[PDB]
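Inspection log for the structure reproduced underneath, given as structure tokens.
Letters A, B, C, D, E and F name the chains as they come in the text, with residue numbers starting at 1 for each one.
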Amino acid sequence: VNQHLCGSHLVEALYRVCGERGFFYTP
Amino acid sequence: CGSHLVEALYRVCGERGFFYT
Amino acid sequence: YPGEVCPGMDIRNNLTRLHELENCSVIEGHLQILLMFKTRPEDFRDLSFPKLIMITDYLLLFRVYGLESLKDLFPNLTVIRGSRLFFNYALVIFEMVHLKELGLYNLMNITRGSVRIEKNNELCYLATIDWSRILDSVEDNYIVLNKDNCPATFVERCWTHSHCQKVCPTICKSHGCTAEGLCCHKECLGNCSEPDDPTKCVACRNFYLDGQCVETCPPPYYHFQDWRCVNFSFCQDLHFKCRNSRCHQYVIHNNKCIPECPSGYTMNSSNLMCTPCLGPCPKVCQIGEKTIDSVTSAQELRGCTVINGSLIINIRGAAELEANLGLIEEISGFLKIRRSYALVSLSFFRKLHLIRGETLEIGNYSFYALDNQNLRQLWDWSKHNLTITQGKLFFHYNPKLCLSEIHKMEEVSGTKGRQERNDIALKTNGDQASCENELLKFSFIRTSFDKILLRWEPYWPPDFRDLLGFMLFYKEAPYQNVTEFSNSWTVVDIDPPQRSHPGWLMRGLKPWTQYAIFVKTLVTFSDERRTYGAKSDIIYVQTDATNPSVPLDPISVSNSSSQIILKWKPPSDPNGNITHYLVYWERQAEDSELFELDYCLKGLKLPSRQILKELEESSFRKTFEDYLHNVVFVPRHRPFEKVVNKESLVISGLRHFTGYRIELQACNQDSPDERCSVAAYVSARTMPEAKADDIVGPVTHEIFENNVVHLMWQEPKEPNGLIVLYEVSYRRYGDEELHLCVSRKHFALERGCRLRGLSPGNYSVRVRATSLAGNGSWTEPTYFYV
Amino acid sequence: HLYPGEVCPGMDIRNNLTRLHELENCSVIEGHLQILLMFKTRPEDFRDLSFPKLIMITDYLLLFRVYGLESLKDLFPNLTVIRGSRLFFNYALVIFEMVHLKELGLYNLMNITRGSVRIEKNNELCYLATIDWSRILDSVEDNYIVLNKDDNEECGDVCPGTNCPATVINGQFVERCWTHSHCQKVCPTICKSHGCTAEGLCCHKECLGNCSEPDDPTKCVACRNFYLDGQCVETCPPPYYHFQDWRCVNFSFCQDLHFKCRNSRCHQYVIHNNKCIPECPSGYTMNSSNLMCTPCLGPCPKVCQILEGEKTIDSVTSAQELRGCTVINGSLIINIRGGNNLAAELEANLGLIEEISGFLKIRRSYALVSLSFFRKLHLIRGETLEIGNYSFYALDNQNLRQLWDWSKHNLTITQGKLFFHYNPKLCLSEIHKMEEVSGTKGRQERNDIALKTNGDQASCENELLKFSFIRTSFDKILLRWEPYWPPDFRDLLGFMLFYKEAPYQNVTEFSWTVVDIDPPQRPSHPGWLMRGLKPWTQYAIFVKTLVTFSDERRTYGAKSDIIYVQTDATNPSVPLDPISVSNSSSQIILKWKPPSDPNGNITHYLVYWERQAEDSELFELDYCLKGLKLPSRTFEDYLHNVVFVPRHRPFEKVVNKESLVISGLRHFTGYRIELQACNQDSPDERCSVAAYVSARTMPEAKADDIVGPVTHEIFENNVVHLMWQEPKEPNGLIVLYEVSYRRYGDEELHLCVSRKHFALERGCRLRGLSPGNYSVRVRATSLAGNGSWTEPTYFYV
Amino acid sequence: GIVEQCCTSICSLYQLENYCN
Amino acid sequence: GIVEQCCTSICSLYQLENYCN
């Protein structure tokens, strides 16, 4: 599903995609 | 007004004419 | 008749315009003598127009300096027809100076009207003029503020010191008397060159033709202003004179050269006949250019249907603009609108159909729209009909006018390619007109007498945050012709739904009522004003009905001792189609306390009968919201009736003087368990019978051996309500009529009365029973010897 | 007190609590701690964790999307003040998208040095409004706290009042309570920032909020200016240098820091003015050996190049990275969607710049008032022209008064074109002055400047208008002003009359009724007489002149000032609430409210009165027959318009009183009273309308009672006539006399004597009386009621 | 017209001069 | 940024793990 995700919907979409690994950040 | 106003208007006119349709 | 026709005119500021009356014999119209300020008595003691005889309408004298005696000016004025009465007056005299005497002895009759003569500080002979002989309507005169050999009608009637008011014999009512006083021709009036001769008449009683006086105009000579006869050609020429001059475009109606065609009648291109045309078919009004600046700028435009010119409206300002306008259908020239501030839309042009635009605004723009702020809608091009003959379209600086509207005139007016680039400024127009209008569909509707529940599709822009919220536009729709537009349009905000349809319901609604509803949204436009909105088509809903209101003004009168007629009014709240009326009536019991009251004592009396500051906060939240995201992420029962079709009623078969209770209700339903209003209550008593209280029945007396008489009589068992008591008058031979009261208890226990110790002799018996209606009848004399 | 622990720089925590151990010995953080990505997190995951060591944060604090947490006191209960050196989008503290979080528990925090706090979308938090920010924050206006538990519910609070301090929020006291367990500590007003100890003994001038020993820098919990060896110091003594505004460092430290970046990837610091500065401003270069940057012998500006030459400025943190900049190698766009002013920090971070390689653009910014904060901007080359070959761009700017004080500010633009659109409060005068000052008059084509949008609500007529004639009257007021004429007469289209009622003198410029006036012919004073003005009422008036767009020309029109005019006085309204109540047989109390419309200040009240009289029919009606119930008490217009076508009752003055009582009033008699209010008495008195009212005093108890003795006369036919005088002084009058005469040992007879019976018959006569003793009592029934019965008249016939 | 401009309201000399030729 | 990537444009599932560990 490709959609203009932004806001909390964007965030929940991200956690759907990842969360088994953690979201990247600079060390 | 009325009685007076007619002369009030006349004094300021008389030679130039009083405009009419 | 030697002279000129002398159209009505006025003279001002000097004697110069007076010379134009030298060759005048009959005035066709009205003359006005006024503003003779730079004038002297000498300049006019040597001027006269003896040729002048007739004046049609009236004369006006006001503020004339110099004139001393008017006999000199008009030595031969005879009749003022009074065809046009100035301020319902055939003659006006006001503010007269230098003038001493009337002098117009040559006026004998006036057809119609009256004369007002006011402010005459130095007028003479005020009581020596016979008004009744001259004026047919004398009571309308207003002669106030004045200095006040021959027959007396007793004061002699004189105009001047030398010649008096000529008194023709009463036989010459309108013939006119000659020098020796002989009735002239009937067409002659006042005076005549030869008695009884239309050819020698000085005046024409009803019409004039060829030096002769006639009552009527024979063809081809038509009636000319009720005073002379003219054929068609000359009347044509003056009509055509108005064609190529400034005017009185003449027409012949009823073979009369009246300046105006009468109502419902219209000009013919061929002939001057005011042909029928239902309601005056057209109403073109000439100008060719006139701007419209306010309400009064359209004063003469009332009733205009065609404009043979162009309009440049600039209203620097409600429905008052519609009533003035909208009567027009075709406009020969162009239409230009500019910066009319308070112009939300051009709805009020109802009749606009066609535009010639042959006269073109500079740039050959048949249309010119500029600086139009609030202009939101032109017309409902889905239904309205409009077309342009030729010309181009100018539409600039209209920030609140959707381009879709612009896309509609060329497809409606047939001007698809007439324009060119930049004829419509793509950027100056509709900058604040958000007309993306994503169709919005209601999902569910529930209705009631008061509470109607709505529900509509939840709609979403690509960013859900963009939605500010919903608001429901609603207002009662008596008709079906309703468009949005300073406007009422009751509307209520709705917060966007959390993320089922949003939905909403209303209160305070009036049962059996149509409502018109549409919905729009609020979204903060992007950085490029890409609002991308959503709109709902207007919908109409009609709420159901309920219990109606009470019928109004329930009024009943006892038109007879048995007839009770009711009147009322339809209910204030039908609340649905009222099926019929509910009526309930009942015989009412009267008071029983009167049945114990003993009225023989004292007590004989008988009771007879703004926004954007919110949008900042919305944008503020998302902006902060967005910023962190970039930061954080790393991409490595009773007798009743049914009154139907009636607001009155009659009930008959009722006993006289009988109290009643009347119940009236309204029901908007008949068969299936009527919804009825609550009752209207009025009390009714018929008139009493005229023979019900009369004592009917033989009177029996019993004289006792100790001089006691016992009274037995039959009361009228059906009285007027009831009988309060019996009045008795007994008189003996040589005595007077004594009076006796028999109470109800007195007639109950004594079955009449018990009179004891009566003087010897022969008495009389007269008993009258007093019902509620009043006294009945005295009994017949029962003479008895004791 | 000293800070036992490490500097503990500012870091970030994500996806698990594994990183938490880094807080083992952090007495204070030297940076910002960012907390988020707490998904698989539970309330139970937290209760065993706490870092009481932490005290103060230099930069800011970040909380976002953390699950299970319910309160922070259970973690960091010794958190005291936020320096806010590094702001996070003009905010020093954000708590966003919290679930399970209920109260904060940060009762150990007193003030914040700098920044604001925003709380939103945290739908479970309580104890929010229960805290006074003014103590907590040196400024409260910039806080943003919405869309949470408290504002969508009414969750209970437990103020620990059973005592906690309460302060006025708007007009009422509220216990400033942190939790049920804690409440907002309030030191005395003397300890503005240093705070006090628990009992109020106020701390040292080096303290901030908390201190163990009052008046002791060595016992300051929070170092207000700097930290040095457990002794807060206003300044760093030599050789120790000021470091990050909070601590003092020796030369060895600063040099070591510089070395570390030297041999690494950066912020290699220098020394300047007793501070271990990262990078010193323009004009300096750090030497070979020592780490100070001396004023160079040349123009070496502190050049701030731009990543891709494109940058937006939207909040404080967007700009604080530009501090000390003078040269920008890029273009700039400004977009702050606030609602609150930010010029204070704006001038601090900005303005020090002079030249921009690229362009400058203003867009969507709302609370900005003027561009004065650009202190030193003089030349912009604008190499990278804004799209469309532009160097300046202004768009959707809602509060811009001016751009720069062109009296003193000097500006130069090289290339490009300007852009001004939808700027409702910035008028063309400024644009013209700038473009002539800029030197780019002949560079802007059509549509580069929108005429209608820009400064429509602004008003820069810059020309005053004078009233050639002034006059007031009853309700109409005539004014005439001078005919104002631009050299191009055509620009003028009329004059707009703005008037409005003016209750006071505090009247704003620019309700507010408007009137249009036609342009005069070209004496010619346009002027106006206005109508329908309520009497005795102040009004404010001024006019505006309408001109055309005036783009090639500069005809900016003119205006007139606010004039406070009141209308005159007149006859007042009717006096209100006139009542008529009697308190005595000669005293009646009279009350009246003042008129609704005095129409000029009321001088006094006018009242009149008089007494009525009884009906004559009352003297000739039988008072014993049934029905005895007595009450208890233009041609000139047409002619001239056609002719000429253009080319004593007792009273007294009631002054400043609304209550009257009158004496000497006849007992039980009606009176007719009229009343007026007067707003003009001495100079040909002007009063209100007559206020009719009527009152009758209550009846007296004696007048109805019969006076004088009663006499009997007996005739030979055993007929008795009784003699008695009527009470000629009754309460109004007497209608009838009730005569009650009996016999000794027998029954009683009652007789009717009406007024006519008494006067005509000299009383009453009794016929048919057998001999015997009689008891005759007479009662004269008045308008009031029953009189006193007379004594029995004993006699024999 | 002129009557209400002059006595119902006040008319100055400019009205007087406008009400003639 | 990233907000431009999904809210303005349309994000493809490949683009997302670039922000994931």
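In this text, contacts are C-beta pairs under 8 Å (C-beta built on N, C-alpha and C of every residue); 3 or more make two chains touch, one makes a residue touch a chain.
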Contact steps required, at the very least, to link subunit C with subunit F come to 1
Chain-centre distance (mean CA atoms) for subunit B and subunit D, in whole Å, is 58
Report the inter-chain centroid distance for subunit C and subunit E in whole angstrom, where each centroid is the mean of the CA atoms.
34
Using the average of all C-alpha atoms in each chain as its centre, how far is it in Å between subunit A and subunit F?
8
Let me have the rounded angstrom distance from the C-alpha centre of subunit A over to the C-alpha centre of subunit E, please.
82
Out of subunit B, which residues touch more than one other chain, so two or more?
2, 5-6, 9, 17-20
Give the residues of subunit D touching no fewer than two other chains, as numbers and ranges.
15, 636, 640, 644-647
Find every residue in subunit F that makes contact with two or more other chains and list them.
3, 7, 18-19, 21
For this entry, which pairs of chains touch?
A-C, A-D, A-F, B-C, B-D, B-E, C-D, C-F, D-E
Per the contact definition, I'd like the list of subunit C residues that touch subunit A in the complex.
462-465, 622, 625-626, 629, 632-636
Which residues, counting only subunit F, touch subunit A once they are in their complex?
3, 6-13, 16-21
Interfacial residue positions of subunit B with respect to subunit E in the complex:
1-2, 5, 8-9, 12-13, 16-19
Taking the complex as given, what residues does subunit A use to touch subunit D?
8, 11, 15, 19, 22-23, 25
Quick one: in the complex, what on subunit A touches subunit C?
4, 6-7, 9-11, 23-26
